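Below: one structure, written as C-alpha cells.
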Amino acid sequence: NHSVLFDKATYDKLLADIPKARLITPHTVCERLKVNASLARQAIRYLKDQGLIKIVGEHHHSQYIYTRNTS
Amino acid sequence: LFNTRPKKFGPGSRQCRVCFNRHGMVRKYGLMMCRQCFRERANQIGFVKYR
Amino acid sequence: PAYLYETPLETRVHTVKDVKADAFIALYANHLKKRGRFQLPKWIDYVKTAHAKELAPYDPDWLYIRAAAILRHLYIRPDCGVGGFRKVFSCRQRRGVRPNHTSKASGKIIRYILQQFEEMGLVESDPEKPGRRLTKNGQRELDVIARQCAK
Amino acid sequence: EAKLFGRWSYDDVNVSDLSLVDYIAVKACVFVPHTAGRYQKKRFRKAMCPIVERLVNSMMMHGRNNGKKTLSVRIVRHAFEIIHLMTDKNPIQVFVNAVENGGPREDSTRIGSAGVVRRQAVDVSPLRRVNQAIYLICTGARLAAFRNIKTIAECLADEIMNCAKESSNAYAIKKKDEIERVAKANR
Amino acid sequence: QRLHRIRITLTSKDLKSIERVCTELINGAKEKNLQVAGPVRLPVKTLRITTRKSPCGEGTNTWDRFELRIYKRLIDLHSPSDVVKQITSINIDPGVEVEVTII
Amino acid sequence: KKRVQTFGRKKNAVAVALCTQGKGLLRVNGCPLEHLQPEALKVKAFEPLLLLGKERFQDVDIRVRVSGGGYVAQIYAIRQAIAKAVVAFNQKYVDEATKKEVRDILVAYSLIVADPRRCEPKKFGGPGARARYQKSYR
Amino acid sequence: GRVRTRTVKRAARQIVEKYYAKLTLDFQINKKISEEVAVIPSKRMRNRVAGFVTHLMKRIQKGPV
Amino acid sequence: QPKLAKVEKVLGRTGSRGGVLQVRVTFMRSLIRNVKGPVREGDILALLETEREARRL
RNA sequence: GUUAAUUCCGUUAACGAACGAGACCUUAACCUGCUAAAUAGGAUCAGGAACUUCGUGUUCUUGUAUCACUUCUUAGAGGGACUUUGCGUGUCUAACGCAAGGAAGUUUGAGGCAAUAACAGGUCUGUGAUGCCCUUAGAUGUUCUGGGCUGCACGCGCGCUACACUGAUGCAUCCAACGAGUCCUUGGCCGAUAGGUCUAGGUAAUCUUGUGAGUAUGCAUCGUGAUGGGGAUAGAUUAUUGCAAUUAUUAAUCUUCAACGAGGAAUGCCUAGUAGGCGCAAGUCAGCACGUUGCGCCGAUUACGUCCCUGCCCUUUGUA
C-alpha cells in the first residue's frame, strides 16, 4: 500500500506537516503520510538533529514518542 | 571363522548377570542389572525409596 | 516532573567498573581506529561470529567492539581462555522444527583478537598458569579512558 | 511520597464514583507497577493490589506472551506517558475513570427451575466489575494491535482514553453494551 | 617420632554407624590427648535410580524413586602414625569403610 | 570499627550486604546501584533510600556480594539486604530507640521477612508439577 | 480439620485424671510436663496431646467435666 | 441512571452450579437480590432496577 | 451435630477389640543460638598493580601469610505451631469462621507407605518361577553373511515448531539449580564451521565448574508485504562414531523458500512459586531426543463455591 522513498514532493511539506501534530510516533508519520514506518524513524531522527522537536522522555529502543516543540 | 562377530558395543555386547537379559539394563554406577531383576533386590543392595 | 533520587555522594569516576559497560565500548571502539594499532584480518568479509548464527553482522566495525568487550572482560574475571570466551558469547541456536538449544562461539575470531593484544602486550600468558590475564600496561590503557568517557 | 515511575504522585486525585470504592487499592502506594507478593491465599487480597499492578499482571497473554512482567512494565510506562500527552492531567485519574466505566453492570446467569437452561437477570458485584474492566481494557488493546503495525503501547494508551470517553469505539465499552443488550431482554 | 598431620576419612550408608565412630574415636584420642579438631561433615552424595514399577507396559506408567545416601566425614589430627594405629584397630564397625591418611 | 553484615533471600538468590562507617557509597560487587540491569528494576533497589532518606545513609557505606537465583530474584535479595543492614546497624552501636522508628516505617510500607515460596517438585505422569499430559478416550 | 483421634484423646485425658496437679492453664509448661511423666515418641504428637491437656484444664476451670 | 445499595448480609448461594449468590440490600429500605461475583458484608453496589425483588429461595 | 476421614463428642441390644484412616518416615520453609570446617568461606593483618595522587581515596589481586571467627556455605544436635491469644458461631460437647501476632495457622506445603474383597485385567517375550503340549539334527536349539521391523491410495493417539512487531535479526550486558565422569574435559596452537592436534587436572565440596543456560535487559536495522514471519521439501560439498552409514546415524556450509493469517464438530490439563513459557541435567547410548524422569529461572488471569453434566461414598426405597 505504501511509498518507500522520501517522495521529494512531500519533503517540502514534511517540514511543515509533522510539527503541527500533537502525537509524533512511528505511526503518526504514516498516518499523515502513506509510507512505511522505517522512513518515519529517520524522519524524526532528522527532525531531532536539524529541526525543532523534543523527546517526551530521554529515550527508549522500541517506542519513540515525541511531542511538538511548542515554539 | 565362526561363532563370533565383533561384539564390543551396543545392547548385543552385554546382558543381565542375574537373568541374562539385555533389555531394561540399568548401567548407572555400573550395576549391569535388568530392571525386572533390579527392583525386587533393591532393598538388599542398599536402595530404600522415599519421596 | 523530573526524575528523583541520587546516591549520598557524587559517584567516583576512577576505575572501569564505575563506567557503564556499553558506553565504555562506544568510546574504545573508536579509539582502535584513530590509534591505528591492532590491525585487520583478511577474512572480515565472512564470519557472522558463530556457528549458531544464521546471518553475518550488520555493523562493519563488529571486530573492534568485540575486541573492546573482551579486553574489559579480562578485568571482570582475571583468569580465562578461549573455551571460556566461547561460553560468554554463546547464544540460542534455532535447530529447526526441533526445540531450541545452546551453542558455543567461534574459535578463530576470538583467538585472533587476543594474539593482536599479545603483539602490543596488554593481555599475555601465563605460559604455565592456565588462562590469559591482563598486564600492567593493560590496566593503564583501560583506566585512562574510563575517566574520559564520563567527562 | 510514592510516585509511579517517579514522574507521578499517588498523593492527591480521587475515586470517580460510589461503588468500586475501597475495592480499588489506591492509598500507601508503590513507585513501579510491579510487586511480587502473596495476594491469592484469602479471597479479598485481590483488591489490596494497586490496579496499575493488576494491569501489568493481566497484560500478559496468551501462551506466548505470558510472564515477562518487566516487558509489560515498559509498555504501560509508555502508555501512561501518551495518556498524559493528550487531555493531559493525571494518567492515573484517567485510568481510574476508565476502569470505573469499563466493566459491565449486569449479567445473565442460567437458572432454569429444573430441566431447562434458561437465562435470568443478575447484577454484577463491585469486585467482578473491576476484574472485567481491566480484562476488557487489554483484550481491546491486544486485538487492536495484533495484526496492525501499531505498538501495543499505542493501543493501550488509545484504549484507556477511549474507555474514559463515551465514544464506544473501544472493544470494552462495546462489550459492556453487548451484555446490557441481552441483560435488558432477560428481565 | 616427628610432627605429622593426619585426616581420617569415614564413609557408610547409615547415619547411626558413623555417629558411633565419631563419638568413640575422639574420646579414644582424648585418652592420649592429641590435637583433635571436630568431625567435618561434608555434603551428602545422594544416589538415585528411577525405574518403572511394572514389568510390562500395561496400566498407568508408574515409577519408583529409589535412593542411596553416602556420608563423607573427616576426623582431623596432628600426631605421628605409630600413635593412631591403636585407636583405629580397636572399635572397627560392621559395614563402614574407613581409610587413614597422612596429609 | 562499626560493622554489621546482613542477607536477603528471594527464591534461591542470596546477597550478603556488608556495611561499615564511611562516606556514603552503596555498591553491588563493585558497581554503583546506577547500573543493575534490568534498569527498570533499578528503581526497585533504591527503595530503602527513598523511604528512609539520603542523610541517614551518608554516615555509612554498603558493599553487597550476590549469587544464586536469576535477574529479578537478585534484585529482591539486594532490596532486603540493604533494608536489613540499616535496621540491624542500630542494635550494635546506634541508639536502640531509633530502631523501632526505622524498622516499622519500612514495615508500614517483607523487607526483613523474606517470603518462602520455593519451587514444588515434579511428579511422574505429567509435564509440570501439578499438570498432567493428556487422556485419549475413544 | 483439627479433630483428634482416640489415641490422642486417651493419652491427654488420662494425664488430667491423675497428674491434674502441676500443669497450669499455660501451654508451654504443659508441653514440657507431658513429656517427662509419660513416654511420647515423636515431637509433633507431644504438642497435640499437650494442647488438648490445656483444653481440658480450661474446661475443668469453666465447670465440672 | 444507576442507584446504589448497601449489603446487610449474605443469605445463601443459589442456582445449579452455585456461582450466583443471594444478598439482602439496603438503599441509600431493603429487598433480596442475586449477585454474580465475590461479595461480603460491609459492601455497596449499583442497581439499575431499584424494583425487581429476587425469590427468597 | 462435627471432620480431609467408621475422625471425634454423643445416642444405644449391645460390650470390648483388630486392620484401613491418623500417627510414622523423607524433603521444603525460620533460628546473628548450640557444635565444627587448608576438600566452604568471611574478616583481619602485611604486600603488588592501576587510577587518584584526596589521605587508609574507590576497584582488582596475593600467600599452611598469620592472630582469631561461623552471618551467608555445609550438617549433626535441637528449638519452633498447640489452631496459642481476642471476638463470633454450637446441647457452647466435638469443633468451625474471622482478625491480630508470627518465619510458618488448609493436618504448614509436597511426596513415600497402603487394608478387605476381587477382575477369567496384563505379563510363559524379566528370570535357573513352572505344570502340560510342541519339536530336538533336513532344528523352532545355536551362530555367521545379507535384508526387514523405517516398506505407503488412506483413517486414529501422544508431542514439537509455527502463523509474527509484547515480534524476528545483528551487536553488547550480566544471573540459576539437579546431576554426572577410569570416561568428564580445562590450557596453547591450526581451522569460516564442524572438528583436530600437543600438553594437562580429576577417583572427584579439591579437576572439568562459580558448568558465564535461555525467556530477560540495553542499543541498532526491518515495516505489515505470507515479508527478513514460517523452515518443510530438494541438489551439492566438509568433518565425526563404527568393523560397515546406501532406505541417507548425526553435526556443520551454501543454496532450494511449500502448507500455515489462531484452527470445524468434539474434548484434555490445571487453584500459588501452581498454570504457561524458557532452558539445563541425567536414563536408554559406539553414534542418534522432536520422548520420559528430575532441576531451577521469568511468573500471571480467575474461584475459595456447587451438585447441572460426568463419575464416586452412605442411608431409606422399588425390582420380573
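No lab work stands behind these numbers, since they all come straight from the coordinates. Cβ placement follows ideal geometry from the backbone for every residue including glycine, while neighbour counts extend to all protein chains displayed.
Please arrange C:58, D:10 by how many other C-beta atoms lie within 10 Å of their C-beta, fewest to most.
With the sparsest Cβ surroundings first, the list reads C:58, D:10.
Rounded to the nearest 10 degrees, what's the angle between the helix C:136-150 long axis and the longest principal axis of chain C, both from Cα atoms, 0 to 90?
Once rounded, the angle reads 70 degrees.
Rounding to the nearest 10 and keeping the result within 0 to 90°, find how far the Cα-based axis of helix A:10-20 lies from the longest principal axis of chain A.
30 degrees
If I fit a long axis through the Cα atoms of helix E:16-32 and take the longest principal axis of the Cα atoms of chain E, what angle between them do I get, 0 to 90°, rounded to 10?
Here the helix axis deviates by roughly 0 degrees.
Rounded, prolate or oblate for chain E? Axes are the square roots of the Cα gyration tensor eigenvalues, ordered a ≥ b ≥ c, and the cut-off for rounded is a/c under 1.5. Present the calculation step by step, with values, prior to reporting the outcome.
Working: a/c = 3.87, a/b = 3.34, b/c = 1.16.
Prolate shape, in that a/c is at least 1.5 and a/b is the bigger ratio.
List the chymotrypsin sites (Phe, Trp or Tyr not before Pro) within chain A that DSSP assigns to loop and that have no more than 14 neighbouring Cβ atoms inside 10 Å.
Sparse-neighbourhood loop chymotrypsin sites (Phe, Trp or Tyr not before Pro): A:6.
Suppose a student asked you for the relative contact order of chain E, using Cα pairs under 8 Å spaced at least 6 residues apart; what percent would you report? Working shown, then result.
Working: 169 pairs, mean separation 51.6, N = 103.
Rounded, it is 50 percent for chain E.
Tally the DSSP beta bridges in the protein assembly as shown and give the antiparallel ones as a percent, rounded to 5.
Roughly 95 percent of the beta bridges in the protein assembly as shown run antiparallel, per DSSP.
State the Cα centre-to-centre distance between the stretch H:1-55 and the stretch C:1-37 in whole Å.
After rounding, the separation between the Cα centres reads 62 Å.
Run the numbers on chain C and let me know its relative contact order in percent, using alpha-carbon pairs under 8 Å that are six or more apart. Intermediate values should be presented prior to the final figure.
Details: 146 pairs, mean separation 41.8, N = 151.
After rounding, I find 28 percent.
Could you please state, rounded to a whole Å, how far the C-alpha centre of the stretch D:123-167 is from the C-alpha centre of the stretch G:1-60?
Cα centroid of the stretch D:123-167 versus Cα centroid of the stretch G:1-60: 59 Å apart.
Taking neighbour Cβ counts within 10 Å as the exposure measure, how do D:8, C:43, E:63, C:62 sort from fewest upward?
Details: D:8 20, C:43 10, E:63 14, C:62 17.
Neighbour counts put them in this order, fewest first: C:43, E:63, C:62, D:8.
Please give me, ordered by residue number, the trypsin sites (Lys or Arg not before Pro) of the stretch F:1-107 that lie in loop per DSSP and have at most 13 other Cβ atoms within 10 Å.
Within the stretch F:1-107, the qualifying trypsin sites (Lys or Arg not before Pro) (loop, at most 13 other Cβ atoms within 10 Å) are F:1, F:2, F:23.
Compute the FRET efficiency between residue B:15 and residue E:16 as 1/(1 + (r/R0)^6), taking r as their Cβ-Cβ distance and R0 = 30 Å, and round to the nearest 0.05.
It comes out at approximately 0.20.
Please rank A:61, D:78, fewest neighbouring Cβ atoms within 10 Å first, as an exposure proxy. Let's see the in-between values first.
Numbers: A:61 6, D:78 23.
Arranged by neighbour count, lowest to highest, A:61, D:78 become A:61, D:78.
Starting at the first residue of the stretch C:45-56, write each ³J(HN,Hα) from the Karplus equation 6.51 cos²θ - 1.76 cosθ + 1.60 with θ = phi - 60°, in whole Hz, x for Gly and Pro.
Those phi angles translate into 4, 8, 3, 4, 5, 7, 5, 5, 4, 9, 8, 6 Hz.
Taking the Cα of residue D:40, stepping 7 Å toward and past its beta carbon, and measuring to each backbone N in the stretch D:134-172: which are under 18 Å?
From the stretch D:134-172, the list is D:134-136.
Report the local net charge at residue F:131: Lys and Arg +1, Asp and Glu -1, summed over other residues whose C-beta lies under 12 Å from its C-beta.
+3
Any idea what the relative contact order of chain A is, in percent, if you count C-alpha pairs under 8 Å spaced at least 6 apart? List each step's numbers first, then the result.
Details: 70 pairs, mean separation 25.7, N = 71.
Relative contact order, chain A: 36 percent.
In deg cm²/dmol and to the nearest 500, what is the mean residue ellipticity at 222 nm of the protein assembly as shown if only DSSP H runs of at least 4 residues count, each as -39500 (n - 2.57), divided by the residue total? Mind dumping the intermediate values first?
On the way: 26 runs with 308 residues, N = 823.
That comes out to -11500 deg cm²/dmol.
Would you please give the FRET efficiency between residue G:45 and residue E:3, computed as 1/(1 + (r/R0)^6) with r the Cβ-Cβ distance and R0 = 51 Å, to the nearest 0.05?
Working from the Cβ atoms, E equals 0.45.
Using alpha carbons only, how many angstrom separate the centre of chain A from the centre of the stretch F:68-138?
46 Å
For residue A:15 and residue A:59, what does the FRET efficiency come to when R0 = 25 Å and r is the distance between their Cβ atoms, rounded to the nearest 0.05?
Computed FRET efficiency for residue A:15 and residue A:59: 0.60.
How would the protein assembly as shown be classified by its alpha-carbon gyration tensor: rounded, prolate or oblate, with rounded meaning a/c under 1.5 and the a/b versus b/c comparison settling the rest?
Judged from the Cα gyration tensor, the protein assembly as shown comes out oblate (a/c at least 1.5, b/c at or above a/b).
Using θ = phi - 60° and the Karplus form 6.51 cos²θ - 1.76 cosθ + 1.60, what ³J(HN,Hα) does each residue of the stretch C:8-15 get, whole Hz, x for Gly and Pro?
3J(HN,Hα) across the stretch C:8-15, in whole Hz: x, 10, 6, 5, 6, 9, 7, 7.
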